[PDB]
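J.: Handing you a structure now.
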Amino acid sequence: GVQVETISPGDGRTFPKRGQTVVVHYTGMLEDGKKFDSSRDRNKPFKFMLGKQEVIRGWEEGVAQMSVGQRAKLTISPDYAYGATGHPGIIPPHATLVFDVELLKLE
Amino acid sequence: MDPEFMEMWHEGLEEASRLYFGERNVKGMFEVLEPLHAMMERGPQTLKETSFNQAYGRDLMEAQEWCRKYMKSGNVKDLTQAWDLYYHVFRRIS
Ligand SMILES: O=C1[C@@H]2CCC[C@H]([C@@H](/C=C/c3ccccc3Cl)CN1Cc1ccccn1)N2S(=O)(=O)c1cc(Cl)cc(Cl)c1
Ligand SMILES: [Ca+2]
Ligand SMILES: [Ca+2]
Ligand SMILES: [Ca+2]
Ligand SMILES: [Ca+2]
């Protein structure tokens, strides 16, 4: 599954709704701590539409639990990420992922 | 599912992804994949080649389109779209 561990709370009122565009900054790391990607390194907030399953299951469910302004650590088991396949070139098979996520806004 | 089309895209996407994500080489990624796309344009032949095209061919064509767009835009969102499609196919042929 996915665990959300708050670093800094959001407003506690404004949560992602199906069909909204969710805007975040993130850093992704393997379970060992090696960074594989970060939106902050390219200074480009990452966007996705909630409910489209455009992102891994751990994001869909984890980020939906966050409110605007919140910063949190998402720990995502392989089955809620890239599973047995991994993603070639970047995510090995059976990888637990750890993300730092900041929910910037909803549009 | 034509074994040879499956194999060439499996290995191709492994290489293209290593070059892009691992070696930060987007030109190298595009070079590996361009001849695989051109091979699809030549159109099916076997019953298995036709089956491959029906399952994956439109997704692959659209992935190339997103790459071509990246070539003019430089917007990684376009390249993400491409990988979404490539990965959708990769995962089913592996
Ligand atoms: O679900 C994700 C997750 C979570 C939201 C942010 C990105 C997303 C960002 C991808 C991205 C960013 C910049 C350049 C290229 C890419 Cl493909 C990827 N996805 C959906 C997805 C699209 C295409 C292929 C595989 N997975 N990740 S990720 O950090 O696990 C990730 C980053 C990268 Cl550079 C590649 C992959 Cl395969 C996954
Ligand atoms: Ca995905
Ligand atoms: Ca289709
Ligand atoms: Ca489609
Ligand atoms: Ca994107």
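Ordering of the structure tokens sets the chain letters (A, B, ...); residue numbers start at 1 within each chain; ligands are numbered from 1 in the order shown.
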Can you work out which residues from chain B touch chain A at a cut-off of 7 Å (counting only C-alpha atoms) and hand them back as a list in words?
T.: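 The answer, sorted by residue number, is residues 14, 17, 18, 21, 22 and 91 of chain B.
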J.: Counting only C-alpha atoms and all ligand atoms, what residues are within 12 Å of ligand 2, given as a PyMOL selection string?
T.: (chain A and resi 48+52-60+78-83+85-87+91) or (chain B and resi 80-81+83-91)
J.: Any chance you could list, as an MDAnalysis selection string, the residues in chain A that come up strand (DSSP E) when DSSP is run on the backbone?
T.: chainID A and resid 2:8 21:30 35:38 46:49 71:76 97:106
J.: Could the residues in this selection be saved with C-alpha atoms as a PDB file, in the first residue's frame?
T.:
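For reference, out.pdb as written:
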ATOM      1  CA  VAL A   2       1.020   3.592   0.643  1.00  0.00           C
ATOM      2  CA  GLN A   3       1.826   5.328   3.927  1.00  0.00           C
ATOM      3  CA  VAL A   4       1.620   9.107   4.168  1.00  0.00           C
ATOM      4  CA  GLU A   5       3.863  10.638   6.839  1.00  0.00           C
ATOM      5  CA  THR A   6       3.319  14.364   7.264  1.00  0.00           C
ATOM      6  CA  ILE A   7       6.360  16.641   7.378  1.00  0.00           C
ATOM      7  CA  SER A   8       4.366  19.880   7.319  1.00  0.00           C
ATOM      8  CA  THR A  21      -5.507  18.863 -11.793  1.00  0.00           C
ATOM      9  CA  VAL A  22      -3.138  18.219  -8.889  1.00  0.00           C
ATOM     10  CA  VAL A  23       0.100  20.293  -8.860  1.00  0.00           C
ATOM     11  CA  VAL A  24       3.060  19.055  -6.738  1.00  0.00           C
ATOM     12  CA  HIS A  25       6.819  19.174  -6.279  1.00  0.00           C
ATOM     13  CA  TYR A  26       8.372  15.803  -5.549  1.00  0.00           C
ATOM     14  CA  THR A  27      11.560  13.883  -5.161  1.00  0.00           C
ATOM     15  CA  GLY A  28      11.533  10.118  -5.746  1.00  0.00           C
ATOM     16  CA  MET A  29      14.074   7.752  -4.174  1.00  0.00           C
ATOM     17  CA  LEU A  30      14.570   4.009  -4.054  1.00  0.00           C
ATOM     18  CA  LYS A  35      17.263   9.675  -5.869  1.00  0.00           C
ATOM     19  CA  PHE A  36      15.923   8.612  -9.266  1.00  0.00           C
ATOM     20  CA  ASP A  37      13.960  11.804 -10.169  1.00  0.00           C
ATOM     21  CA  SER A  38      12.817  15.169  -8.831  1.00  0.00           C
ATOM     22  CA  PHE A  46       4.425  18.104 -11.831  1.00  0.00           C
ATOM     23  CA  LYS A  47       0.735  17.866 -12.701  1.00  0.00           C
ATOM     24  CA  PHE A  48      -1.736  15.010 -12.905  1.00  0.00           C
ATOM     25  CA  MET A  49      -5.491  14.602 -13.047  1.00  0.00           C
ATOM     26  CA  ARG A  71       4.390  18.276   2.627  1.00  0.00           C
ATOM     27  CA  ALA A  72       4.730  14.579   3.281  1.00  0.00           C
ATOM     28  CA  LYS A  73       6.702  11.418   2.734  1.00  0.00           C
ATOM     29  CA  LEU A  74       4.911   8.710   0.719  1.00  0.00           C
ATOM     30  CA  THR A  75       6.249   5.144   1.134  1.00  0.00           C
ATOM     31  CA  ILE A  76       4.907   2.975  -1.698  1.00  0.00           C
ATOM     32  CA  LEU A  97       9.550   3.817  -3.602  1.00  0.00           C
ATOM     33  CA  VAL A  98       9.799   6.725  -1.233  1.00  0.00           C
ATOM     34  CA  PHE A  99       8.649  10.175  -2.309  1.00  0.00           C
ATOM     35  CA  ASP A 100       8.807  13.576  -0.719  1.00  0.00           C
ATOM     36  CA  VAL A 101       5.656  15.358  -1.972  1.00  0.00           C
ATOM     37  CA  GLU A 102       4.448  18.898  -1.576  1.00  0.00           C
ATOM     38  CA  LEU A 103       0.874  19.630  -2.672  1.00  0.00           C
ATOM     39  CA  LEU A 104       1.196  23.113  -4.112  1.00  0.00           C
ATOM     40  CA  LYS A 105      -2.291  23.674  -5.549  1.00  0.00           C
ATOM     41  CA  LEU A 106      -5.355  22.244  -7.309  1.00  0.00           C
TER      42      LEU A 106
END
J.: Just the alpha helix (DSSP H) stuff from chain A, please, per backbone DSSP, written as a list in words.
T.: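 Here are the alpha helix (DSSP H) residues of chain A: residues 57, 58, 59, 60, 61, 62 and 63 of chain A.
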J.: Could you pull out the residues sitting within 9 Å of ligand 4, using only C-alpha atoms and all ligand atoms, and write them as a PyMOL selection string?
T.: chain B and resi 58-59+62+85
J.: Output N, CA and C atoms of each residue in that selection to a file, as a PDB file, in the first residue's frame.
T.:
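Output (again-v3.pdb):
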ATOM      1  N   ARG B  58      -1.282   1.229 -32.538  1.00  0.00           N
ATOM      2  CA  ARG B  58      -1.760   2.597 -32.387  1.00  0.00           C
ATOM      3  C   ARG B  58      -1.089   3.281 -31.181  1.00  0.00           C
ATOM      4  N   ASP B  59      -0.912   2.554 -30.069  1.00  0.00           N
ATOM      5  CA  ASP B  59      -0.216   3.099 -28.898  1.00  0.00           C
ATOM      6  C   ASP B  59       1.231   3.482 -29.271  1.00  0.00           C
ATOM      7  N   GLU B  62       1.369   6.531 -31.476  1.00  0.00           N
ATOM      8  CA  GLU B  62       1.124   7.770 -30.744  1.00  0.00           C
ATOM      9  C   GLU B  62       2.342   8.133 -29.892  1.00  0.00           C
ATOM     10  N   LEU B  85       2.875   5.568 -22.934  1.00  0.00           N
ATOM     11  CA  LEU B  85       2.497   4.667 -24.006  1.00  0.00           C
ATOM     12  C   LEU B  85       3.523   3.554 -24.180  1.00  0.00           C
TER      13      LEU B  85
END
J.: To one decimal place, how far is atom 9 (C, counted along the ligand's line) of ligand 1 from atom CA of residue 107 of chain A in Å?
T.: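 Between atom 9 (C, counted along the ligand's line) of ligand 1 and atom CA of residue 107 of chain A the gap is 18.6 Å.
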J.: Let me make sure I understand: among B:6, B:53, B:33, B:24, which one has the smallest atom-to-atom distance to ligand 3 if we use only C-alpha atoms and all ligand atoms?
T.: B:53
J.: Given the choices A:70, A:20, A:65, A:77, which gets closest to ligand 1 if the distance is worked out from only C-alpha atoms and all ligand atoms?
T.: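 Result for the nearest residue to ligand 1: A:77.
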J.: If we count only C-alpha atoms, what is near residue 82 of chain B at a cut-off of 8 Å, once residues fewer than 3 positions away on the same chain are taken out, given as an NGL selection string?
T.: :B and (62-67 or 78-79 or 85-86)
J.: Selected residues, N, CA, C and O atoms, written as a PDB file, in the first residue's frame, please.
T.:
ATOM      1  N   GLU B  62       1.369   6.531 -31.476  1.00  0.00           N
ATOM      2  CA  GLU B  62       1.124   7.770 -30.744  1.00  0.00           C
ATOM      3  C   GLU B  62       2.342   8.133 -29.892  1.00  0.00           C
ATOM      4  O   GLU B  62       2.688   9.304 -29.779  1.00  0.00           O
ATOM      5  N   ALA B  63       3.028   7.130 -29.339  1.00  0.00           N
ATOM      6  CA  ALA B  63       4.252   7.398 -28.579  1.00  0.00           C
ATOM      7  C   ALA B  63       5.294   8.138 -29.442  1.00  0.00           C
ATOM      8  O   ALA B  63       5.873   9.133 -29.009  1.00  0.00           O
ATOM      9  N   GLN B  64       5.476   7.704 -30.695  1.00  0.00           N
ATOM     10  CA  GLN B  64       6.383   8.382 -31.604  1.00  0.00           C
ATOM     11  C   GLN B  64       5.932   9.824 -31.810  1.00  0.00           C
ATOM     12  O   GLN B  64       6.770  10.714 -31.927  1.00  0.00           O
ATOM     13  N   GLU B  65       4.624  10.052 -31.953  1.00  0.00           N
ATOM     14  CA  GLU B  65       4.114  11.405 -32.164  1.00  0.00           C
ATOM     15  C   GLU B  65       4.515  12.319 -31.003  1.00  0.00           C
ATOM     16  O   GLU B  65       4.797  13.497 -31.192  1.00  0.00           O
ATOM     17  N   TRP B  66       4.349  11.821 -29.764  1.00  0.00           N
ATOM     18  CA  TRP B  66       4.752  12.565 -28.571  1.00  0.00           C
ATOM     19  C   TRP B  66       6.260  12.839 -28.572  1.00  0.00           C
ATOM     20  O   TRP B  66       6.675  13.947 -28.222  1.00  0.00           O
ATOM     21  N   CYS B  67       7.076  11.874 -29.013  1.00  0.00           N
ATOM     22  CA  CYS B  67       8.504  12.132 -29.140  1.00  0.00           C
ATOM     23  C   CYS B  67       8.782  13.237 -30.120  1.00  0.00           C
ATOM     24  O   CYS B  67       9.522  14.155 -29.792  1.00  0.00           O
ATOM     25  N   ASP B  78       5.522  16.117 -22.684  1.00  0.00           N
ATOM     26  CA  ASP B  78       5.357  15.416 -23.955  1.00  0.00           C
ATOM     27  C   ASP B  78       6.128  14.091 -23.966  1.00  0.00           C
ATOM     28  O   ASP B  78       5.620  13.045 -24.402  1.00  0.00           O
ATOM     29  N   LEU B  79       7.351  14.121 -23.418  1.00  0.00           N
ATOM     30  CA  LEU B  79       8.167  12.909 -23.345  1.00  0.00           C
ATOM     31  C   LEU B  79       7.579  11.917 -22.347  1.00  0.00           C
ATOM     32  O   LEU B  79       7.683  10.705 -22.543  1.00  0.00           O
ATOM     33  N   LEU B  85       2.875   5.568 -22.934  1.00  0.00           N
ATOM     34  CA  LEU B  85       2.497   4.667 -24.006  1.00  0.00           C
ATOM     35  C   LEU B  85       3.523   3.554 -24.180  1.00  0.00           C
ATOM     36  O   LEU B  85       3.147   2.365 -24.160  1.00  0.00           O
ATOM     37  N   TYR B  86       4.816   3.912 -24.306  1.00  0.00           N
ATOM     38  CA  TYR B  86       5.830   2.878 -24.412  1.00  0.00           C
ATOM     39  C   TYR B  86       5.743   1.898 -23.244  1.00  0.00           C
ATOM     40  O   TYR B  86       5.843   0.718 -23.452  1.00  0.00           O
TER      41      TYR B  86
END
